[PDB]
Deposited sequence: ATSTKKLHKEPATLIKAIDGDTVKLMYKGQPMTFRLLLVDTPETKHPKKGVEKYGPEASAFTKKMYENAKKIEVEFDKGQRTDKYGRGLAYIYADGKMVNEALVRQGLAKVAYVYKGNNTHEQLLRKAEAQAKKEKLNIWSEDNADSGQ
């Protein structure tokens, strides 16, 4: 896998974000994560606030496509996204603001990494795990 540059256009919520990728606006859906929905579930706005701060505060944003299908049925890019080298997908799981989702069409490269972050958040009874 490889990281590609991107520019934040607009935070949207916990599991999606609008980025300028290769000169064109595109909305991305974070791979392997399920956050609380606010459009308003418990820890829904928390999760949104979290990724919002992460994207807006970063100097560098990178998108990393996995090895499976690159876009879902709704035209959203499916990737692991990084803010200054830190993976937003993992950060959410680790903060207990999202659960690990089932693998989607072969995109499972970071499944174990996220599974561990999640086990740790659960152990700490963090947020969603309260």
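- Stretches of the record's deposited sequence for which the structure holds no C-alpha atoms: Several regions go unmodelled: 1 to 6, 46 to 50, 142 to 149.
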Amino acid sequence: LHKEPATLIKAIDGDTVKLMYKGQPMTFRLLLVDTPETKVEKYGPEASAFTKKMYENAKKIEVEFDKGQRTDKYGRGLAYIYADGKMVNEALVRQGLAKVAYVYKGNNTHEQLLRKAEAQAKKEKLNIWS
From here on, numbers count along this sequence of modelled residues.
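- Query: Which is higher on average in the deposited entry, the C-alpha temperature factors of 91 to 99 or of 52 to 60?
  - Reply: Result: 52 to 60.
- Average Cα temperature factor in the PDB entry - higher stretch of 41 to 49, 74 to 82: Higher mean C-alpha B-factor: 41 to 49.
- Among modelled residues of the same chain, the CA temperature factor third for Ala121: Tercile = middle for this residue's CA B-factor.
- Task: Please rank the C-alpha B-factors of the chain's modelled residues and tell me whether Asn108 sits in the lowest, middle or highest third.
- Result: Answer is middle: the recorded C-alpha B-factor places it there.
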